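Undergrad: This is the structure I want to talk about, given as structure tokens.
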Ligand code: HEM
Ligand SMILES: Clc1[nH]c2ccccc2c1-c1nn(-c2ccccc2)cc1Cn1ccnc1
């Protein structure tokens, strides 16, 4: 006898397990066990993944309900699960979304300058270089300090919360509350700080004193800062790190993009499609009995939407493991989700990766791994897949 299939399958972010394709073919919705011991339905085809994400009766908010089957323990207060809904109810969605586009004057130049400085320091120090800890993550951190309007020198401390805050744990995590409460106090201070006049926190600080927002809570204003910094930094740093691996493993593509950088946006869209940065399926709780494929999902059950299930589905993306810059459906992947909860940072995440890759290919056209790929150490029980270090030479 064997136990019920456990998720996640593998923390490795450099290859998809052969098993995903066999599951998609045989049982594109099927029962699994999460690290908490809960049962869940794992959805792994493009068609069924999009069905679940576009039907709000598969609820994000309700995943936080006491007593629900859980993917993992919350590392945030349960109200944060409904963060975007709370932002919309407060009348803040348009302003928040406008502040996190990559369009502010100077933003892209700042990204380019920062990437080039980071790369020059690595070149000066000499190979090998760690492209996660000394390039992708500092680039993400610097970007989000700029986007939020907060001092660059405050970035590293906020960043160091994230190796715990985005854990995927069976049990509550005492350090997550300590860091959460500290980071909330920081953002509350930022809202009171008269020098903070630009970016997301500068805008929230003005709206906070506007009569139309006088009953929006100071807790929610601070929560927006903490959550958008953390989600954006972990998501862009992790995605860029594992996209760099996929690029380095493809010398012909690396060379093509170095030679024709106008193709980098199309290359980044494929790197998004094939990205394994999300370590777990996206969780939703059924609020009704709903037919998904051959399974009648019952009210109260947990559903997990496997992004790489959709994004490597050959029925939607032929030759799914190959990076093709001429696909007819290039942005139709699920790397940013789909539906009500589609990532509000998508444009920023694209631009962070495009500029980081453009800068890397110009400065380090010969970039290559400095260790055999199997020597990368994949972080476990985390909400992202990332190598602890990414050692390269050039
Ligand atoms: C390449 C980078 C990124 C990737 C791959 C990514 C991916 C995703 C995905 C898949 C979702 C959907 C979650 C769900 O439906 O359960 C999402 C939601 C979200 N992302 Fe991103 N993200 C990235 C960058 C960012 C950035 C830069 C920010 C902010 C600065 C951000 C903020 C958020 C927020 C606040 C949500 C929640 C939306 C909601 O619950 O409605 N993300 N992201
Ligand atoms: Cl949840 C959720 N929903 C969101 C919607 C919009 C932005 C963020 C979130 C989060 C979230 N924030 N966060 C966090 C923790 C500390 C600092 C900054 C962020 C970790 C998670 C994810 N997590 C937690 C428990 N299980 C999953």
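Reconstructed Cβ throughout: ideal geometry from the backbone, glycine too, with neighbour counts over all protein chains shown. Rule-based calculations on the coordinates, nothing more; no lab input.
Undergrad: Normalised by the residues of the chain, what does the relative contact order come to in percent, with Cα pairs under 8 Å and at least six apart?
TA: On the way: 636 pairs, mean separation 112.7, N = 394.
29 percent.
Undergrad: What percentage of all Cα-Cα pairs in region 87-170 are separated by more than 20 Å?
TA: Working: 1711 of 3486 pairs.
For region 87-170, the share of Cα pairs beyond 20 Å comes to 49 percent.
Undergrad: Another one. Three principal axis extents, largest first, for the C-alpha atoms of region 127-178, in Å?
TA: Cα spread of region 127-178 along its principal axes, largest to smallest: 37, 32, 14 Å.
Undergrad: Where in region 96-140 does the amide nitrogen come within less than 11 Å of the point 7 Å from the Cα of residue 375, taken along Cα to Cβ?
TA: Residues 128 fall inside that zone.
Undergrad: Looking only at region 188-207, which residues have a backbone nitrogen under 17 Å from a spot 7 Å from the Cα of residue 214 in the C-beta direction?
TA: Label zone hits: 206-207.
Undergrad: Would you kindly state how much longer the chain becomes between residue 127 and residue 6 on full extension, computed as 0.36 nm times their sequence separation minus their alpha carbon distance, in nm to one decimal?
TA: Result: 39.6 nm gained on full extension.
Undergrad: Could I ask something else about it? Could you tell me the extents of region 1-92's C-alpha atoms along the three principal axes, largest first, rounded to whole Å?
TA: Over region 1-92, Cα extents along the principal axes are 49, 28, 27 Å.
Undergrad: Still on this model: Over what distance in Å are the Cα centres of region 86-141 and region 216-290 separated?
TA: 13 Å
Undergrad: Okay, next question. What number do you get for the chain when its Cα radius of gyration is normalised by 2.2 N^0.38 Å, N = residues? Walk me through the numbers before you get to the answer.
TA: Working: Rg = 20.8 Å, N = 394, 2.2 N^0.38 = 21.3 Å.
Output field value: 0.98.
Undergrad: Given that compact globular proteins tend to follow 2.2 N^0.38 Å, what is the ratio of the alpha-carbon Rg of region 176-327 to that value?
TA: Numbers: Rg = 21.5 Å, N = 152, 2.2 N^0.38 = 14.8 Å.
That works out to 1.45 for region 176-327.
Undergrad: Let me ask you something else. Using alpha carbons only, how many angstrom separate the centre of region 317-394 from the centre of region 1-48?
TA: Cα centres, region 317-394 to region 1-48: 22 Å.
Undergrad: To the nearest 0.05, how large is the calculated FRET efficiency for residue 38 and residue 163 if R₀ is 30 Å and r is the Cβ-Cβ distance?
TA: On the way: r = 25 Å, r/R0 = 0.82.
After rounding, the FRET efficiency stands at 0.75.
Undergrad: Relative to the present Cα-Cα distance, how much length would full extension add between residue 57 and residue 298 at 0.36 nm per residue of separation? Walk me through the numbers on the way to the answer.
TA: Details: separation 241, 0.36 × 241 = 86.76 nm, distance 1.12 nm.
Full-extension gain reported as 85.6 nm.
Undergrad: With each run of n ≥ 4 DSSP H residues scored as -39500 (n - 2.57), what mean residue ellipticity at 222 nm is computed for the chain after dividing by its residue count and rounding to the nearest 500 deg cm²/dmol?
TA: Working: 15 runs with 174 residues, N = 394.
About -13500 deg cm²/dmol.
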